[PDB]
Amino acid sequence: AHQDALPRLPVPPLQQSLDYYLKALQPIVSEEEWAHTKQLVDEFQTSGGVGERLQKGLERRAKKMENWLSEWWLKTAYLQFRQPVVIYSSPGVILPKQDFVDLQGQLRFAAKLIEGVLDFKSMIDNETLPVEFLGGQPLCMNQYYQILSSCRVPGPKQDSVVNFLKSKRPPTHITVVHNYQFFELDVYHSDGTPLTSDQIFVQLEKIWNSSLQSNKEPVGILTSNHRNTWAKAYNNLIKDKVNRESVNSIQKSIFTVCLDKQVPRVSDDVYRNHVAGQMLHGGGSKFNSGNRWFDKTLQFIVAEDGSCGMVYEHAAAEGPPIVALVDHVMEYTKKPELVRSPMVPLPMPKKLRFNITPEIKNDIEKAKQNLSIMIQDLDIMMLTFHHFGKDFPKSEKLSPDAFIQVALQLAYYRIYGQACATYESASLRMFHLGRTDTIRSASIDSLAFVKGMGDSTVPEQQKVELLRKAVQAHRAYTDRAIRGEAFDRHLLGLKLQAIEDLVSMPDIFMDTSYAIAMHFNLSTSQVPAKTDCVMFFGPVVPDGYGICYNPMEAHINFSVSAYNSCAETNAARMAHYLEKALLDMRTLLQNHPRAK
């Protein structure tokens, strides 16, 4: 019912979107390229022209679909993306490290975590999940019904997603992975009531005792290979009815809990970078990468040393829904303990065995090698910005997110001497089934600021004005994006409509400017959470960075990724300039108060 009250995703006017496109191109293309693109744009949208016909097609699409973009986005952004989901697609999460130092503790926490999720699942199944608002406007809650009991399934041409949340007989079990071995653990009684952390611990107890050794092949590492490869290996792996039975149990499970094995202690100054690696990819074949199933939508990882976190498959959802679950859970794991009545000799969790063959074993070794290369090429720098958080920008009446994005443009320019196409996730949840759109952080105003900031001929009195104008511009772009007025998904739609209409690919899309515009050297997102956590992901281009952050009141958690194969990029350096950019902006604003 709530969804029927939500407005439908609009199709922006053609002229509106193209005008914003031309403006966003100015700081990243040459004068000559911009001029040429201006011509193509005028032609493209002329009355009775090509663009007008494609626009009408989109308007017809919105009239005959719940959300004109949904299917196209899911397919284009994820299902047709054939690179491994590991690092390149599935975001990782680091949660507040826990205190436990022994096995019974780890299982105790793991057990508490499970109960927390089920508590959250209650509102989902019962549809009692509080209605969220952005500011007087209702938000789509569909993403919350895609994360549990779901899984990505390899496809020879494109992948697919399975969701058992609303099936005839919905799954009532989760999968636990310990020492590369999977187990099927039911978390509900025949009566319907879910198990308690105690009963669950008793179950987790039996599971650990039934997997005390690690000498099995890491079948799960197969899910980390190229999708074309995993598609073939998967198809084979499931020929054996036992394997197919296990794989099926995994895909149906409410979610996967990974009880990771102890790993080598590292120096404190690189500890977080390592924990990030463990959450994003596992660390390698001889660590915890095999203790996974990357096709799974929600994977909660409870490490040995007390660290904890997760990694989720992106086709299934976005960050916000994930953090809402994380916040609810991390809080639940802190609640008191009273009624601890004695359970019963609960049934034992079924083990998900795998019959390995020379062919399957070979694919496992091919996967280990592929992942090994991927991990060695990833450069990650985790940065805890302790200087300030949302507090400072708020004290200047500036949007913290906009302040942060402008700082990143400053950091990038200080390193490369030029701006670059920049992507920032914008939530389209105020619309039915809305996912995301793109906020472009490289703008006419941000370029003017970063240039003025380093120009010794520009007085500080002027620099600050340029700073304020850049932040307000980003905030404006952000407000338009969230209200369906950005242009990136729109242009994508026009291109896909052309493909569907069987008409020659419009020149505007073959244009050099468009190519430059869609090559994001900076791919970013803000994932706010009450929980002091942080997410991270790999760059979207060879020569780019993947930056994610969670601004807290007095500090900001940042993650910076880059590829070693590209000499021009360095996570540590980008992180350093970012910290300094943020500091210099504070100094400049402090030096020139609007009043007094």
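Start at 1 and count along the sequence shown; that's the residue number. Basically, rigid core = biggest C-alpha set you can superpose within 1.5 Å across the two forms.
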property: Farther-lying stretch by C-alpha RMS in 4 other deposited structures of this protein, rigid core as reference, of 118-126 and 340-348; result: 340-348
property: Between 101-109 and 132-140, the one whose CA atoms sit farther away in 4 other deposited structures of this protein (rigid core aligned); result: 132-140
property: Comparing 585-593 with 2-10, the one whose average Cα B-factor in the PDB entry is higher; result: 2-10
property: Higher-scoring stretch by recorded Cα B factor average, 34-42 or 524-532; result: 34-42
property: Residue with maximal Cα B-factor (values as given in the PDB entry) among 260, 295, 401, 377; result: 260
property: Member of 514, 234, 287, 385 with the greatest C-alpha B factor (per the PDB record); result: 287
property: Assigned third (lowest, middle, highest) for the C-alpha B factor of residue 500; result: middle
property: Cα B factor band for residue 249 (lowest, middle or highest third within the chain); result: middle
property: Residue 488 CA temperature factor, ranked by third within the chain; result: lowest
property: For residue 100, the third of its chain into which the C-alpha B factor falls; result: highest
property: Residue 78, C-alpha B-factor rank within chain (lowest, middle or highest third); result: lowest
